[PDB]
Structures are given as C-alpha cells and as structure tokens.
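Encoded as structure tokens, the structure appears first; notes follow it.
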Protein chains: 2
Amino acid sequence: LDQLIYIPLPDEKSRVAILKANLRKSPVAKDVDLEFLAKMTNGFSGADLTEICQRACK
Amino acid sequence: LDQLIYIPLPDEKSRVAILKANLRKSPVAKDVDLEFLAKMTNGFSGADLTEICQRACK
C-alpha cells in the first residue's frame with residue numbers, strides 16, 4: 001500500500017448530493033429547499049446529514 | 001465581587017447588530033445583505049466580525 005489519498009469533509013455541492021442521495025426512498029414534499037440546507041451546514045460530515053434526515057423521518 | 005455573570009458567544013440577532021455597529025463609519029453600498037451574512041457565521045466572536053469588516057475595507 002504505497003498510495004496515500006486524503007478524503008476531507010464534504011464541500012457544498014457534495015452536501016447537496018449527499019442530502020439528495022439519502023432521501024430517494026422517502027416521499028419529500030417539493031416545497032423543501034435542499035440548497036439552502038447545505039449552506040447552513042458548514043463542517044458537517046455525511047453521518048450528520050443522514051442523522052438529521054432520519055430524525056425528520058421519525 | 002459576589003455576582004457571577006456568564007457572557008457567551010453572540011447569537012444571530014447579536015451578530016446582525018455587531019455588523020451594523022462596526023460599519024457606521026464606512027460607506028456601505030445598499031446592495032449588501034447583512035442578514036445573510038450573520039447566518040453563515042455560526043460561532044464567531046465580535047473580534048472576528050470586526051476583522052472581516054476591516055479586511056473588506058482594506
């Protein structure tokens with residue numbers, strides 16, 4: 001194992017795509033703005049976004 | 001000295017008022033949205049906001 005690849009925290013477009021990919025199974029109303037939702041969450045990881053999606057589902 | 005008062009980091013309306021109070025001397029164009037500017041800066045102090053205002057002035 002000689003290649004080293006660093007994987008940082010996700011950027012804004014990445015957060016948009018994570019929030020889209022987590023919610024394909026759920027019926028989401030079209031009134032919801034995900035692009036505003038990715039702007040507030042500066043410094044989250046993927047697991048935090050999955051956590052908040054599942055909490056809204058609960 | 002028997003009273004103890006805790007002073008936390010400023011909230012969102014407080015950040016709006018800090019950004020307003022720092023920029024009274026400067027000619028600011030009316031196209032600038034400060035209320036959007038206070039939403040991004042979750043967890044700044046007052047000195048950080050004065051720093052970024054003076055850097056824009058520079």
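Within each chain, counting starts at residue 1; across the structure tokens, chains are named A, B, ... in the order shown, with ligands numbered 1 upward in that order.
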
**Message:** For a quick test of understanding: name the residues of chain A lying within 12 Å of chain B when counting only C-alpha atoms, and present them as a PyMOL selection string.
**Reply:** chain A and resi 36-43

**Asked** At what distance in Å, to one decimal, does CA of residue 21 in chain B lie from CA of residue 50 in chain B?
**Response** 9.6 Å

**Prompt:** Can you list, as a VMD selection string, every protein, DNA or RNA residue that comes within 12 Å of range 54-57 of chain B when you count only C-alpha atoms, leaving out same-chain residues fewer than 5 positions away?
**Reply:** chain B and resid 19 22 to 23 25 to 28 47 to 49

Those same residues, written as an mmCIF file, in the first residue's frame with N, CA and C atoms?
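Result saved to part-v9.cif:
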data_model
loop_
_atom_site.group_PDB
_atom_site.id
_atom_site.type_symbol
_atom_site.label_atom_id
_atom_site.label_comp_id
_atom_site.auth_asym_id
_atom_site.auth_seq_id
_atom_site.Cartn_x
_atom_site.Cartn_y
_atom_site.Cartn_z
ATOM 1 N N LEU B 19 -22.430 43.658 13.235
ATOM 2 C CA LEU B 19 -22.059 44.034 11.874
ATOM 3 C C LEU B 19 -22.609 45.404 11.497
ATOM 4 N N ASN B 22 -20.301 48.063 13.527
ATOM 5 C CA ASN B 22 -18.922 48.230 13.079
ATOM 6 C C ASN B 22 -18.838 49.088 11.826
ATOM 7 N N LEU B 23 -19.914 49.138 11.045
ATOM 8 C CA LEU B 23 -19.873 49.726 9.716
ATOM 9 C C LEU B 23 -20.589 51.064 9.621
ATOM 10 N N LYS B 25 -19.219 53.960 10.231
ATOM 11 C CA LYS B 25 -18.294 54.961 9.715
ATOM 12 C C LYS B 25 -18.039 54.771 8.228
ATOM 13 N N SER B 26 -18.239 53.563 7.721
ATOM 14 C CA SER B 26 -17.838 53.269 6.358
ATOM 15 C C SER B 26 -19.008 53.462 5.399
ATOM 16 N N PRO B 27 -18.752 53.934 4.183
ATOM 17 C CA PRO B 27 -19.812 53.970 3.174
ATOM 18 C C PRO B 27 -20.069 52.589 2.608
ATOM 19 N N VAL B 28 -21.170 51.968 3.009
ATOM 20 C CA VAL B 28 -21.536 50.633 2.557
ATOM 21 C C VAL B 28 -22.624 50.781 1.506
ATOM 22 N N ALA B 47 -14.730 39.970 17.642
ATOM 23 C CA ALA B 47 -13.455 40.379 17.063
ATOM 24 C C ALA B 47 -13.272 39.814 15.663
ATOM 25 N N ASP B 48 -13.847 38.640 15.398
ATOM 26 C CA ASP B 48 -13.793 38.066 14.058
ATOM 27 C C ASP B 48 -14.597 38.900 13.071
ATOM 28 N N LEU B 49 -15.746 39.409 13.512
ATOM 29 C CA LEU B 49 -16.581 40.223 12.644
ATOM 30 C C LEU B 49 -15.935 41.576 12.375
#

**Interatomic distance, CA of residue 46 in chain A to CA of residue 34 in chain A (Å, one decimal)** = 14.6 Å

**Prompt:** Among chain B, which residues carry a DSSP assignment of helix (DSSP H, G or I), reported as an MDAnalysis selection string?
**Reply:** chainID B and resid 12:22 34:40 46:57

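Put simply, CA of residue 16 in chain B is 6.3 Å away from CA of residue 35 in chain B.
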